[PDB]
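> Protein chains in written order, with the entry's author numbering: chain B, 57 to 89, 93 to 142, 151 to 210; chain A, 57 to 142, 152 to 187, 192 to 210. For each residue, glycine too, the CB sits at the ideal point set by N, CA and C.
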Amino acid sequence: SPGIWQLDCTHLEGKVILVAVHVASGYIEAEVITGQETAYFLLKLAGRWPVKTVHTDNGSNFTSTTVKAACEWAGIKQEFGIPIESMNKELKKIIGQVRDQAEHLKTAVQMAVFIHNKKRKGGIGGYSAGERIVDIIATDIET
Amino acid sequence: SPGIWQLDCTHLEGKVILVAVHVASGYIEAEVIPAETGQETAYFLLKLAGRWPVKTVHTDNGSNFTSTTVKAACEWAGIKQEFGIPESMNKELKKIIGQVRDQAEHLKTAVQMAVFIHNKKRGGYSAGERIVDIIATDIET
Ligand SMILES: Cc1ccc2oc(C#Cc3ccc(C(=O)NCCOCCOCCNC(=O)c4ccc(C#Cc5oc6ccc(C)cc6c5CC(=O)O)cc4)cc3)c(CC(=O)O)c2c1
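Structure below.
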């Protein structure tokens, strides 16, 4: 299902990291950060990918006027219950291996996102998450 | 033109907007950045190359060749910089930003609304449909 994403948060060095997983592929986006910030994040994602339903596991985004606005503008359905916590874990491990390469945590997070999406999902051969999401989307339009 | 992008700067409301165009599809990504070409240009490129295949980046002035961080970002991710960008997306974008500007407080929000529209609206195929088709085609190769 090409447009289904899970959105979660996580924390490092006193910053919050917003994390969005395309569930069907394992492709992820992320950024360091409010409700405006999540709204902006969602708008940016939806203008790059098919963002149709976003699952979150707590009440926080349902009380954010800008998120609600971004979702209406963009055509996103928020849904509670999510339907990727091993995701936040591998991201941080990768952030561990790159952190020394970067002066800003933000850069480290984006190095780790890069690695995640570009490595072979299976270790060897097959697709990366970055390839799968495009593959998934190509086939849904085709249909 | 499978991993070939154009990079440029456009200006609105006293701000600089960085814009990368996937040449074969016309798909664009954009963000508000500093006058300085440095760390935040490197970061935009790192992020872009994490979402799409970015192998060669064209520019047609010298600004993008004066930052050590941009060079380190290109090395890290496997990006070649080429001079020569021989694509006035900047003009339809600003059209659209002006269309949607009232719908948002922050300019950068209006930029992202205009990116969304430009990439989604076709007829034949939208830029967003094209880039996916291009990349999927290639993978199968
Ligand atoms: C090898 C290599 C490779 C790459 C590298 O890269 C780098 C780097 C770097 C590097 C990057 C970056 C910085 C850096 O950030 N600098 C300073 C900036 O700091 C401020 C940050 O906070 C931002 C938040 N500020 C906001 O103002 C704001 C305001 C509004 C909204 C919204 C919304 C919205 O969305 C909506 C959506 C919909 C609707 C309907 C409404 C809305 C609405 C509402 C509406 O507008 O109406 C959001 C935010 C600094 C440094 C390095 C260097 C290193 O590290 O070694 C490097 C090295």
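Would you report the Cα separation of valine 113(B) and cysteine 65(B), rounded to the nearest angstrom?
If I take the Cα positions, the gap works out to 13 Å.
> Go through the stretch 100 to 138 of chain B residue by residue and report every complete run of the alpha helix (DSSP H) that reaches 4 residues or more, in order.
Qualifying alpha helix (DSSP H) stretches, in chain order: 124 to 133.
> Consider the C-beta atom of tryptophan 132(B) and the heavy atoms of ligand 1; say whether any pair is separated by less than 7 Å.
Checking the Cβ of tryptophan 132(B) against ligand 1 gives yes.
> Determine whether the beta carbon atoms of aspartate 116(A) and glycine 140(A) lie at a separation below 8 Å.
A contact, by the Cβ cut-off of 8 Å.
> In this structure, does DSSP put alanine 98(A) in helix, strand or coil?
Three-state DSSP puts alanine 98(A) in a helix.
> Let's see if you can read the secondary structure: which residues bound the alpha helix (DSSP H) around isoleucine 191(B)?
Run containing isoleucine 191(B): none; DSSP gives neither H nor E here.
> Mark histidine 183(A) as exposed unless 16 or more other C-beta atoms lie within 10 angstroms of its C-beta, in which case mark it buried.
Classification of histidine 183(A): buried, given that the 10 Å Cβ count is 16 or more.
> With a threshold of 6 Å on Cβ separation, who are the neighbours of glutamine 62(A) within its own chain once the five nearest residues in sequence on each side are excluded?
Excluding sequence neighbours, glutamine 62(A) sits near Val77, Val79, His114, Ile141, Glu152.
> What in chain A is Cβ-close to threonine 124(B), meaning under 7 Å?
Residues of chain A passing the Cβ test: none, with the nearest at roughly 12 Å.
> Among the candidates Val75(B), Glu85(B), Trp108(B), whose CA atom is the shortest distance from the CA of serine 195(A)?
Of the candidates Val75(B), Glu85(B), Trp108(B), the one whose C-alpha sits nearest the C-alpha of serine 195(A) is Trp108(B).
> Hey, could you find the ends of the alpha helix (DSSP H) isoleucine 204(B) is sitting in?
Per DSSP, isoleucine 204(B) belongs to the alpha helix (DSSP H) from 196 to 209.
> Would DSSP call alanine 86(A) helix, strand or coil?
Residue state, collapsed to three classes: strand.
> Identify, in the order they occur along the chain, each residue of the same chain with its Cβ nearer than 6 Å to the Cβ of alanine 86(A), setting aside the five sequence neighbours on each side.
Closer than 6 Å at Cβ, skipping near neighbours: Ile73, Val75, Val176, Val180.
> Give me the pocket residues for ligand 1, defined as CB within less than 6 Å of any heavy atom, sorted by chain position.
Counting every residue whose Cβ lies closer than 6 Å to a heavy atom of ligand 1, we get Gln95(B), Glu96(B), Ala98(B), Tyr99(B), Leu102(B), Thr125(B), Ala128(B), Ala129(B), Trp132(B), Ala169(B), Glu170(B), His171(B), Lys173(B), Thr174(B), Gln95(A), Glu96(A), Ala98(A), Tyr99(A), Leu102(A), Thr125(A), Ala128(A), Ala129(A), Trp132(A), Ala169(A), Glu170(A), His171(A), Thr174(A).
> Just the Cα atoms here: how many angstroms apart are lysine 160(A) and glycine 190(B)?
Answer to the nearest angstrom: the Cα atoms are 45 Å apart.
> Could you tell me if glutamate 157(B) is buried or exposed, where buried requires 16 or more neighbouring beta carbons within 10 angstroms of its beta carbon?
By the 10 Å Cβ count, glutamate 157(B) comes out exposed.
> What residues in the stretch 101 to 117 of chain B bring their beta carbon closer than 9 Å to a beta carbon of chain A?
Listed by position, the residues of the stretch 101 to 117 of chain B near chain A (Cβ gap below 9 Å) are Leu102, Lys103, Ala105, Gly106, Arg107, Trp108, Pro109.
> If we call anything under 8 Å between Cβ atoms a contact, is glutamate 209(A) one with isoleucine 208(B)?
No, these two residues do not count as a Cβ contact at 8 Å.
> Check whether the Cβ atoms of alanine 105(B) and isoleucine 135(B) lie closer than 8 Å to each other.
Yes, the pair counts as a contact, with Cβ atoms nearer than the cut-off.
> Is the CB of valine 77(B) under 8 Å away from at least one CB in chain A?
No, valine 77(B) lies away from the interface with chain A (no Cβ there is under 8 Å from its Cβ).
> Any idea which residues DSSP pairs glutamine 62(A) with across the strands?
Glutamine 62(A) is bridged to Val77(A), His114(A).
> State the Cα-Cα distance for the pair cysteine 130(A) and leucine 102(A), rounded to the nearest angstrom.
So the alpha carbons of these two residues sit roughly 8 Å apart.
> Hey, is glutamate 198(A)'s beta-carbon within less than 8 Å of any beta-carbon in chain B?
Yes - at least one Cβ of chain B is within 8 Å of the one on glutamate 198(A).
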